[PDB]
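Structural characterization, general
So the chains spell out like this:
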2 protein chains.
Amino acid sequence: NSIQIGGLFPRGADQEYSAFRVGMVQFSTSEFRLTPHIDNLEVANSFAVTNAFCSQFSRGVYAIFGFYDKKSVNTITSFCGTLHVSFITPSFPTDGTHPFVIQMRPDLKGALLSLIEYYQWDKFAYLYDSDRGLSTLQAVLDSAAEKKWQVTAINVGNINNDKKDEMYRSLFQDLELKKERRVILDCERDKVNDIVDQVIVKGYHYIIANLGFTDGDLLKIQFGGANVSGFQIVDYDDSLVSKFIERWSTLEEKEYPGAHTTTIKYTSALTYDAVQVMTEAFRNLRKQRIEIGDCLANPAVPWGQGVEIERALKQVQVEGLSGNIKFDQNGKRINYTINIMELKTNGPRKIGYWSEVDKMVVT
Amino acid sequence: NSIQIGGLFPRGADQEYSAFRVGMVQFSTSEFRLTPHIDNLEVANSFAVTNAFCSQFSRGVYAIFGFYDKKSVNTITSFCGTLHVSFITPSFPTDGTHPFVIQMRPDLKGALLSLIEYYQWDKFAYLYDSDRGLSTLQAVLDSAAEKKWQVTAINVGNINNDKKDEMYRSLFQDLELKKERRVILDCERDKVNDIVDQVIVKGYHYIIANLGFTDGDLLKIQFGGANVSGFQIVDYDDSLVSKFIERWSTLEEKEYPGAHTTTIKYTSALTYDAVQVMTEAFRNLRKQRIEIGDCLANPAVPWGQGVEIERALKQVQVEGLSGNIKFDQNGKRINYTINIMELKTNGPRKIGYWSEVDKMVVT
């Protein structure tokens, strides 16, 4: 009795798709199996996302796993909410009310604000990506007013890959001489290297505002002077993660691009966890004996059973690669722990952790 | 030989629709006439906007006049760009590359930054609406870093209309005692009154960040102490505007809601100007002897003649209610002038103007 689902993947999201496939193997049973229909697309393109969503809807999927970005997030939220189709995603979380969107990614804003306070910063630069969310911006600016921080908030997004050289000049002119060397980097991974390379030096302290501090070669040179801190939602010392890596480290690269390593990007980890969440939801519908096509149809015809699937998804409580997984009624992660990292000559290390209830705890 | 166009109006945009209709009367000829197909919709709803756009596309329109907001702008940009359908709009302009979007609204950021510098402010509050754009925020924060301003940037958006009383308390606690009395208001008109009323006092200087300083009763009490400045893109002393008002002031309110007044909201003025722009573009196609249906069709079938209409629109150069109208290749207003206002016991008056080329010039 196969369960039809959609998968909407950004082009080039190879490791995430490998993790998706490994999840389907691990969490599928003999009798029950998810049957995904995959669309690879440019997620920044709202026309393309709308077309992919509608195609999935017309097929008759029971839920959609996928990604969005700043330009397409409203298409996903509005279409899911209108048609009662659940969208499970590792993409950036949103603060508004969004029925039918299950956001695998923990919120990071609280942990970031606690870390700023932990280091007792009162003046710093916040370099962010207009090609990314803005909830974190808002939260930082709003806290600055309350905490009396002096924040220099520069949208490093939309760089022509051209004037880039002449734009970092004006960037660092403001910082370098305002003797501002405390810097938060809240952008796409590549933008990190591009900014750090422009600095090279040891008097700086960077906070990397993402959930994958040790992901990829991001830390390509640990001998480089300068304090670097960040966040980690995948704890490689946890039993569940260690067992996963025992397999992931042995996979064939040809079959599973991005695997055959001892680490996994946090977005890929969340993708694997999303498969567990979906499988558990549908299994729970079966246990409870709950039996379960034109996008532009007027009037809109929402899926009648949509609310039952949405409910089952939000009620899932399991441990995964990203730790304890539990959702509130708005599809937001709750009761999750985020590990706080720190830079050392020999590598990264967990100095403490953050939870909603306790804020920051030092190890 | 009627020219089919779409019109996408926010519900309740009565004056704008009246101005649209007055434009069609003024700029239509005996032989050539625009034939609009109107959709009234919630522009914050991307599903609704997508449905309206696709319906217009399937009808076979030659262009669409309409509005978007922060939540639907990406739907409009992506669908227009993909299908080569031109969208002419008075809504907030965007900085990215957007083929096929003609933005009637001048950009205001440059004028605002020049005015801040003119008054020689170095410390001020920026009160903005999360229920509005964020380009201006970014620009102000980015300039603050360069100019060494101390900006207190408070997102006054999303007020529960409830905790409002307890939220303005914390707002003014930060300001009132930080002896910060220079204030920029960048929000929806109603939020202006709601904020000003919370202040009432004469030591304040407000800058109203919109293009309709004298629009509506915004200036409902001119005797109130406190310096107020702003921008006016409709100059009621200009010959063209005066002639328009000679008619607008006599119209029947029943037939033309929002008319029968001596002023017109800047959004309505831009709507009237959009009709002139569309009419001129199609007339120019005729002069040049240039002869001119499934949204989700795969593969996407862009309109072959789309590029000719887009070109004709961007080549239009006329004077309108919003002054000199001329576009760059990205559909952005250029060579426009914005009037700078100032508050007086007897009313508002023009102290100078701003252009991209010259920045601020004092009268």
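Residues numbered from 1 in each chain as written, not as in the entry; some residues may be left out. Chains lettered and ligands numbered in written order. Heavy atoms only, no water.

For this deposited structure, the header cites X-ray crystallography as the method used and 4.100 Å as the resolution.

By the naming in the PDB entry, chain A is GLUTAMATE RECEPTOR 2, taken from Homo sapiens. What the PDB record gives as the title of this entry is "Crystal structure of the human ionotropic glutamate receptor GluR2 ATD region at 4.1 A resolution".

**Concerning the packing of helix α9 (residues 266-287) of chain A against helix α10 (residues 306-314) of chain A**
Residue and element names in this part refer to chain A. Note the threshold: Interaxial angles span 0 to 180 degrees and are taken between N-to-C directions of axes, which are lines fitted to C-alpha atoms, for helices over the stretch in contact. Labels follow the DSSP assignment, with helices taken as runs of H or I lasting at least four residues and strands as runs of E lasting at least two, numbered in each case from the N terminus. The cut-offs work like this: below 35 degrees is roughly parallel, past 145 is roughly antiparallel, 65 to 115 is roughly perpendicular, and the gaps in between are oblique. Crossing handedness follows the turn of the near helix against the far one: under a right angle anticlockwise gives a left-handed crossing, and clockwise gives a right-handed one. Should any heavy atoms of two residues lie within 4.5 Å, those residues are considered in contact.
Following both chains from N to C, one finds α9 and α10 inclined at 120°, their axes separated by 8 Å at the closest point. It follows from the interaxial angle that α9 and α10 lie oblique. Note that α9 runs across α10; the crossing there is right-handed. Two secondary-structure elements touch here, α9 through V277, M278, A281, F282 and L285 and α10 through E308, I309, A312 and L313.

**Structural notes on the relation of the copies chain A and chain B**
We apply this condition: Least squares on the C-alpha atoms is how the copies get superposed.
Superposing chain A onto chain B requires a rotation of 177° together with a translation of 0.3 Å along the rotation axis, leaving an RMSD of 0.4 Å. The relationship between the two copies is best expressed as a two-fold rotation axis. Among all residues of chain A, the minimum C-alpha distance to the rotation axis is found for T75 of chain A, at 3.5 Å. Taken together, the interface assignments show that 92% of the residues at the interface of chain A recur at the interface of chain B, consistent with an identical surface on both copies.

**Here's the deal with the UniProt feature "disulfide bond" in chain A**
Here is the rule we go by: Two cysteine sulfur atoms make up a disulfide if the distance between them is within 2.5 Å. UniProt positions are given in the numbering used here, feature names are shortened, and annotations may be inferred rather than shown by experiment. For the exposure calls, accessible area comes from a 1.4 Å probe over protein chains only, and a residue counts as buried if that area is under 20% of its type's maximum, exposed if over 50%, partly exposed in between.
Of the UniProt disulfides, the one joining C54 of chain A and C295 of chain A is satisfied here, as the sulfur distance of 2.0 Å falls under 2.5 Å. Assigned by exposure class, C54 of chain A and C295 of chain A land together as buried.

**Description of the interface of chain A and chain B**
Quick reminder of the rule: Defined in terms of a 1.4 Å probe, buried area is the accessible area two parts forfeit on being brought together, summed over both. Each salt bridge in this description consists of a side-chain nitrogen of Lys or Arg and a carboxyl oxygen of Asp or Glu lying within 4 Å of one another. Any residue that is not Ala, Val, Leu, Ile, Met, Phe, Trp, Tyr, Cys, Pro, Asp, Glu, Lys or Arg is counted as polar, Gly included; the first ten are nonpolar and the last four charged.
Chain A puts 36 residues into the contact, and the matching count from chain B is 34 residues. Buried area between chain A and chain B, both sides added, is near 2,700 Å², and the carbon and sulfur share of it is 55%. The tally of links between chain A and chain B comes to two salt bridges. A salt bridge links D174 of chain A to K148 of chain B, with the shortest nitrogen-to-oxygen separation between them at 3.6 Å. Of the residues that constitute the side of chain A that touches chain B, the class distribution is 14 nonpolar, 15 polar and seven charged.

**Here's the deal with the domain arrangement of chain A**
Residues and elements named next belong to chain A. The following threshold applies: Where each domain starts and ends comes from a domain assignment, either automatic or drawn from a database.
Once the domains are mapped, chain A shows domain 1 (1-106 + 237-335) and domain 2 (107-236 + 336-363). Computed from C-alpha atoms alone, the centre-to-centre distance between domain 1 and domain 2 is 28 Å. The interface is formed by 24 residues belonging to domain 1 together with 18 residues belonging to domain 2. Summed over both sides, the interface between domain 1 and domain 2 buries roughly 2,000 Å², with carbon and sulfur atoms accounting for 53% of that surface. Of all residues in domain 1, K70, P106 and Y266 give up the largest surface area on contact with domain 2, accounting jointly for 32% of the area buried on that side. Remark: the boundary between domain 1 and domain 2 carries two salt bridges.

**What to know about the sheet that holds strand β7 (residues 150-155) of chain A**
All names here are of chain A. Quick note on the threshold: Here, any two strands with at least 2 DSSP bridges between them count as paired.
Strand order in this open sheet of eight strands is β7-β6-β8-β9-β10-β13-β14-β15, and the pairing throughout is mixed. A single partner strand is all that each edge strand has here, and the edge strands are β7 and β15 (359-362). In this sheet, adjacent strand axes meet at a mean angle of 25° when their direction is disregarded. Pairing of strand β9 (residues 205-208) with strand β10 (residues 227-232), which is carried by three bridges, proceeds in the parallel orientation. The partner of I207 across the bridge, within β10, is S229.

**Some details on the state of the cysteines**
Each disulfide consists of one covalent bond between the sulfur atoms belonging to two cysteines. All names here are of chain A. Overall, the coordinates contain two disulfides over all chains when judged by the stated rule. Here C54 connects covalently by a disulfide to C295, the sulfurs 2.0 Å from one another. In this structure the cystine formed by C54 and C295 twists about its S-S bond by roughly -80°; its chirality is therefore left-handed.

**Describing the pairing of β7 of chain A**
All names here are of chain A. Threshold: The handedness rule is simple: strands pointing away from the viewer, and a clockwise path from the first strand over the helix to the second, make the crossover right-handed.
Taking burial as the measure, the six residues of β7 include five buried ones, the bulk of the element. With six bridges connecting them, strand β6 (residues 123-128) and β7 associate as parallel partners. Each residue of the ladder has a partner; that of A125, found in β7, is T152. Between β6 and its parallel partner β7, the chain crosses via helix α5 (residues 135-147), and the hand of that crossover is right-handed.

**Comments concerning the pattern of salt bridges**
Using the criterion set out here, one finds 16 salt bridges over all chains in the structure. With a shortest N-O distance of 3.9 Å, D235 of chain A and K350 of chain A are connected by a salt bridge. For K350 of chain A, a relative accessible area of 36% translates into the label partly exposed. Linking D186 of chain B and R132 of chain B is a salt bridge whose minimum nitrogen-to-oxygen distance equals 2.9 Å. Within this pair, whereas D186 of chain B is found in strand β8 (residues 182-186), its partner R132 of chain B is found in the loop between β6 (123-128) and α5 (135-147), the two being separated by 54 residues in sequence. Owing to a relative accessible area of 24%, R132 of chain B belongs among the partly exposed residues under this scheme. In the salt-bridge network here, residues are joined through shared partners; they are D95, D107, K109 and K332 of chain A.

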